[PDB]
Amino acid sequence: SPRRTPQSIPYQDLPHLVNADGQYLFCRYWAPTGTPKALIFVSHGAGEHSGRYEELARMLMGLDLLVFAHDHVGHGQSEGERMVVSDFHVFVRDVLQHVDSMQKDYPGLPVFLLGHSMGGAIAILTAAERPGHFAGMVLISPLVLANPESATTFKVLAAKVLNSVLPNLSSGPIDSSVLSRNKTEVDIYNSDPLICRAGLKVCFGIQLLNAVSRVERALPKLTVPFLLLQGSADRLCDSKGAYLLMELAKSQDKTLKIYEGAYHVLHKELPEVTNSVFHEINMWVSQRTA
């Protein structure tokens, strides 16, 4: 009986990678027909999975980048208790393993990171561990500062869980209605069986708060070029965090675009926003691969 995804598919039938904890991570690749000009790792966020990046990945592949991703532990088709992580650094360690593996297979190529929300915090922390080694980072509403209502809710609950033994204490789910003004994208999110929409475990929310704390400490070490895209009406990642990232990162090549009125998932927003997001990422990555 082979090791299977949480959805019962044998890993031997799928692209995969075994992490340092012996857990199978489901992997995705979008490689061009020609010779790749760069590599780019796509880092998905909490609750979701790498298949939600199909359209972005196909655009980047069309620029002759080799796009690759995996489902973070506890997410999508990867192993692990759902939306649990022993420590947030597991996510960063696993990204670095996959990046290092791909860099061996495609030596000499520059490597970019792209991350949304929790995946953007992962990307920041990944780049901060390897100053000078990444060519650029694209951040879509990265988790730099949590929505303050969410932060206060979990900080109070964290007091219970950090002082008692309450392993399964949960709060509300990530609210789908604040993900996007595009109702069809909200409905798609609520329909995808690979998305975990349960109430957030307090221990997982604690790791999200750990991510915020570690991102703050990482900013003085962050020198990678980056493009930062942020909606002004984001009720999940506070736009104040995007401004603070622009202020505190030491990168010499940093650009912020604010989408006025837009919600959290900018690459799945109203068409005017999403089209701009795709266009801006295309141009920014193109300029830095040439």
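For clarity, a rigid core is taken as the largest C-alpha set superposing within 1.5 Å between two forms. Residue numbers run from 1 along the displayed sequence.
Structural divergence in 5 other deposited structures of this protein between 181-189 and 148-156: following superposition by the core, 148-156 has C-alpha atoms lying farther from the shown form. After superposing on the rigid core, the larger RMS C-alpha deviation in 5 other deposited structures of this protein belongs to 139-147, the other candidate being whichever of 105-113 and 139-147 remains. Higher average CA B factor: 60-68, of the stretches 38-46 and 60-68.
Taking the mean C-alpha B-factor of each stretch as recorded, 80-88 and 118-126 are not equal, and the higher mean is that of 80-88. Ranking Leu209, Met137, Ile188, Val161 by Cα temperature factor from the entry places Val161 first. Of the residues listed, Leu169, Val95, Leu145, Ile195, the entry assigns the biggest Cα temperature factor to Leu169. Sort the modelled residues of the chain by CA B factor and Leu266 lands in the lowest third. Among all modelled residues in this chain, the alpha-carbon of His133 has a temperature factor (C-alpha) in the highest third. In the PDB entry, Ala151 places in the highest third of its chain by CA B-factor. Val111: CA B factor in the middle third of modelled residues in this chain (values from the PDB entry). Annotation for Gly74: C-alpha temperature factor in the lowest third relative to the rest of the modelled chain, per the entry.
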